[PDB]
Amino acid sequence: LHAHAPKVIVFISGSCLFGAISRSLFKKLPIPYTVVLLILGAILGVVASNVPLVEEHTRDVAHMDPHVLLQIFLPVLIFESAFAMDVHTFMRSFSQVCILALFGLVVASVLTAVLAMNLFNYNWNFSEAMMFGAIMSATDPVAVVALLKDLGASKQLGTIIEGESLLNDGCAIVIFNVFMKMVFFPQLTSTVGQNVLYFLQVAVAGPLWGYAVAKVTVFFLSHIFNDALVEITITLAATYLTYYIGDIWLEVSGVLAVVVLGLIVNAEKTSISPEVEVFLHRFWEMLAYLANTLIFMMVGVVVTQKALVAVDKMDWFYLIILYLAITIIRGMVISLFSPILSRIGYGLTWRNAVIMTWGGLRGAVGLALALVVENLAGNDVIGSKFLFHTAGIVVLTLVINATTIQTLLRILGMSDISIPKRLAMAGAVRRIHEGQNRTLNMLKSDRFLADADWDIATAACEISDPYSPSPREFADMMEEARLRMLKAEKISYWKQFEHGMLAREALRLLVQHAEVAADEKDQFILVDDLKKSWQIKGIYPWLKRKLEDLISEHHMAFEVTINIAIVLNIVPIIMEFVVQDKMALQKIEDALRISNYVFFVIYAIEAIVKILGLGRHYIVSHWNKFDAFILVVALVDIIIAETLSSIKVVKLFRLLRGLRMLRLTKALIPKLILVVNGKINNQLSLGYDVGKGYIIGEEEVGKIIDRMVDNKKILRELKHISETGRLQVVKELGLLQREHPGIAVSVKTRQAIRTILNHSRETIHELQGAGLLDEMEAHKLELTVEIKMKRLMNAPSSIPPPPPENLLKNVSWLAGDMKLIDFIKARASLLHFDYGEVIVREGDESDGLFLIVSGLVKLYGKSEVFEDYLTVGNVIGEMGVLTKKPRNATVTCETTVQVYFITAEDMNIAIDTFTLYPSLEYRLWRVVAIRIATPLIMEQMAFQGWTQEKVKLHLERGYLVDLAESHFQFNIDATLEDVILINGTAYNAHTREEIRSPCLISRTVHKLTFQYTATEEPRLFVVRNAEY
């Protein structure tokens, strides 16, 4: 309670209250709240100049040390800016931002510096003018990206402006740091070589240091389970130690390190627990908000105390001229590079350039650097002028540029809402309005709410729309069909995502392509544009093959023990020689000489044991030759040390590093192979998600448009485009399996578990929603799911492809029936086929089954109408042997192929032999039945909200009826959902109407009767309601 109390708290706490007041009072007014904070800070400053008591509270901030200002606020501002943004659209447009942020910053700064030299009468030198330019070129576009996120062009113009701001803020501090030393801390004139190393440290070592710290950080985040506090604390510690260690100890650019760390930790959001990801965004937003309020408050105080005392009348004239100049300079730079930017990324239109030119608001980062000059100036007038102009420009930009950006967007015609969005919002609002009427009518019947005031209720719950054969005939219908197709596709991608079938990156790629296609004439989604997702860069296969060659050459303990021995031996090999470089402690240092002999003996025993185990074959492996040369050198230098100028010592210093530490590469190379596998896996995993998402999208939409577009000539074209896309996608993804078998298996197993766990989570919420499972108990199981989700990210990047005999075990109708697996495995024969060979042809009798264990085969049949590709795991000929009808399609190998062949005679014997309740006949028809059934139920369900998987899960509940038990079937709405005829022909009992084999049965039909025939025996599939 004495005067020693921390008076900084009242300021920090008071700043939060003032920020809240300014943010709430001016929420609907156009002027940003940050300007109000500057005025409040000025009021506080003039007050503090007159009432001593308040001065005691501002003192600890209004005269804050620069090397606490920068070390605390800047890492927060830069990390939040890096952590908040969309990295993937940023990386897919990286070069355009780099061109306009690095080189754009240089020209903008130099031009501002020249202006500051020539116009202003302050007689500044080029170092000071470059500090001025660096401060004046730092942008804070938050107020503009916020609008662009809502109105439109969010994935194009929002990211470039935000990324440009991020990079220009990062580089401005570097320039400001460089020129601050040459102004306030001038050293002796450095050599050109010294300067070059200085450039490498700030420019190259910074990003490398940040990259290393990030890759270490994400590694540990991936191994933290059920501990959110540790994750948040690790993020904080990593971000603050990256700046401190990089800036103070390593003499490396801290800001750029944090930029890279934030970007990487954003890109690897999957390694963070989902519940902590949603917390980190709000946490860093809050820290940045605190930082901004303090900077504006401090600026408001210090300008009033010690900046405005030195402003002359002509200084205002320069401020206006400077404001005009930097705005002109920014637009000049954007236009001058515009020819270059037009060729890379999303080129800038003239209206986009104006928004960027007008949207370049200045903010805290600029002001923070101005406070450094004010403090380091030591009451030299340079400090006042720096802070005066930086505050002036910020106020002008916030009062003029920010307050008119919305009207400029309206004028330029970018604030309009597209008809599709307006219709979607209107329909959603109307549906919401209808839903409330249903609820209100239901509530009015409740006994305990009959006395409620329904006028107030109805007024309160209202939701209002926020946005409130001729050539021409054929051209218009084509456009309507095209846009309706694209809109249906976008719906499918969202349904797939909401049910966990796609990762978000695949969703955003697919949606971006759909929207881009919508905006171009006669443009559908082109698989050639999607191909970039699953193209593997050539460097990684090459590295994998080379590194496997290096490592593809007895006890378990030797390698681990010795590798530990080496990794520890770095400690002597550093601490002796580094201190010897200073001695050039001897009472202690000689102990390391003695222990060096013990390490020699360790490696010697290792070599002796290895020679004994390998015997004469020790020389066969080149890796061991180095293992012997190391011992030779160690013995040689030990003899010199024991038995006997500098050549006897410096040689030791060098050799006991060179031949000492390079033998860890044996252990390392496998880790590099794993990293390379991971890089391929991350690209191949995205490829499958995008490709498979596209195929599902096309299959779902193709069943919709049959009931949306009237003109058949339009209808044929659209379904032609969908099919020519589907085939190319399924082929490209099929080939990648042959290129990278094990990584494909890893991807496919990872998708499988990801699906199982998601559906597992739904059952918990169903049980929790039904009250069978308490809230806490459900939470305890839901954690077990989420930990298992996080362990998938750490699963091996390659699973060795199972041998052919394993695939038979995992076939659907062979699963779990050992006596049948043994029967088939014995009689199943493996066949090899070369490229272009036909396995079977149309019209051939059904000789047997083919189980593709490797390769890719092309199906082509007249049933050119039919065309498809099948790959590992799929089985060909099931319909054939069951019905004994001829082949459906010709099968051609697109790659060297292996197939397990089971003769139709073996199948018939197996069908006769294995006749328990889950009969092999029942199983083979069930697997066939669902494939035939799924298209029909999906065609019926086309208008409704299910995905294809919910249609399958709906079908999996079904069963085949034993029409031998009763040769007629009757339907009941209360206990039966739908019925599908799979093979045969069926008669409605009341009319004997012809229903042919593939038909789905209409719900009006009551009773079905069949003809007792053997040649086309009736097979029928049925699904009961969940209540049986």
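Residues numbered from 1 in each chain as written, not as in the entry; some residues may be left out. Heavy atoms only, no water.

Structure determination for this entry is recorded as cryo-EM, at 3.3 Å resolution.

Going by the annotation in the PDB entry, the name recorded for the protein is Sperm-specific sodium proton exchanger, with Strongylocentrotus purpuratus given as the source organism. Under the UniProt heading Function, the entry covering the protein gives this text: "Electroneutral sodium:proton antiporter that regulates intracellular pH of sperm along with capacitation and fertility. Activated in response to egg-derived chemoattractants, couples membrane voltage to sodium:proton exchange and transduces membrane hyperpolarization to cytoplasmic alkalization to cAMP signaling and ultimately to sperm motility." The record in UniProt for the protein states the following under Sequence similarities: "Belongs to the monovalent cation:proton antiporter 1 (CPA1) transporter (TC 2.A.36) family." (UniProt positions renumbered as here; feature names shortened; annotations may be inferred.)

Engineer: What is the right way to read unusual backbone geometry from this model?
Structural biologist: Backbone geometry follows two general trends: most residues other than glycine have a negative phi, and most peptide bonds adopt the trans configuration. Located in the positive-phi region is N379, a residue other than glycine, with phi close to 65°. Looking at the element boundaries, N379 is found in the loop between α16 (364-376) and α17 (381-412). (Helix = DSSP H or I, 4+ residues; strand = E, 2+ residues; numbered from the N terminus.)

Engineer: So what exactly am I meant to see when it comes to the domain arrangement of the protein here?
Structural biologist: By a widely used convention, the size of an interface equals the accessible area lost when the partners come together. Each assigned domain of the protein is listed with its residue range as follows: domain 1 (8-65 + 80-412), domain 2 (422-452), domain 3 (547-668), domain 4 (804-914) and domain 5 (927-1024). Distance between the C-alpha centres of domain 4 and domain 5: 27 Å. Taken together, the contact pairs seven residues of domain 4 with five residues of domain 5. Of the roughly 420 Å² buried between domain 4 and domain 5 on both sides combined, carbon and sulfur atoms contribute 69%. For the interface between domain 4 and domain 5, the tally reads one salt bridge. Between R931 and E878 there is a salt bridge, with the nearest N and O atoms lying 2.6 Å from each other. The tally of links between domain 4 and domain 5 comes to one residue pair in polar contact. Tallied by class, the residues present in the side of domain 4 that touches domain 5 amount to four nonpolar, one polar and two charged. (Domains from an automatic or database assignment. Contact = heavy atoms within 4.5 Å. Buried area = accessible area lost by both parts, 1.4 Å probe. Salt bridge = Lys/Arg side-chain N within 4 Å of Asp/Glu carboxyl O. Polar contact = N/O pair within 3.5 Å; in protein donor to acceptor, adjacent residues only side chain to side chain. Nonpolar A, V, L, I, M, F, W, Y, C, P; charged D, E, K, R; others polar.)

Engineer: Any chance you could explain the side chain of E505 here in plain terms?
Structural biologist: Residue position: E505 is located in helix α21 (residues 504-518). Looking at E505, the relative accessible area reads 15%, which means it is buried. At a separation of 2.9 Å, a polar atom in the side chain of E505 contacts the side chain of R92. When sequence neighbours within four positions are dropped, the list of residues in contact with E505 reads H88, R92 and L686. (Buried < 20%, exposed > 50% of the residue type's maximum accessible area, 1.4 Å probe, protein only.)

Engineer: What is the right way to read the pattern of salt bridges from this model?
Structural biologist: Any two side chains of opposite charge can pair, on the condition that their charged atoms come close. Enumeration according to the criterion identifies 34 salt bridges in this entry. A salt bridge links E56 to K7; its shortest N-O distance comes to 2.8 Å. One end of the pair, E56, is in helix α3 (residues 52-62); the other, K7, is in the segment before α1 (8-25), and 49 residues separate them in sequence. For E56, a relative accessible area of 34% gives the class partly exposed. A residue is classified by how much of its surface remains accessible, and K7, at 23% relative accessible area, is partly exposed.

Engineer: Help me understand the environment of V97 in this model?
Structural biologist: Topologically, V97 is positioned in helix α6 (residues 94-118). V97 sits in the buried class, given a relative accessible area of 0%. If near-sequence neighbours (up to four positions away) are discounted, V97 is found in contact with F90, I160, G163, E164 and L167.

Engineer: Could you clarify how one ought to interpret the pairing of strand β3 (residues 848-854) in this entry?
Structural biologist: The element β3 is largely enclosed, with a buried count of six among its seven residues. Across six bridges, the pairing between β3 and strand β8 (residues 897-903) is antiparallel. Among the inter-strand pairings, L851 is bridged to a residue of β8, identified as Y900. Summarising the sheet, β3 and strand β6 (residues 875-876) pair through two bridges and their orientation is antiparallel. What sits directly across from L851, in β6, is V875. (Pairing = 2+ DSSP bridges.)

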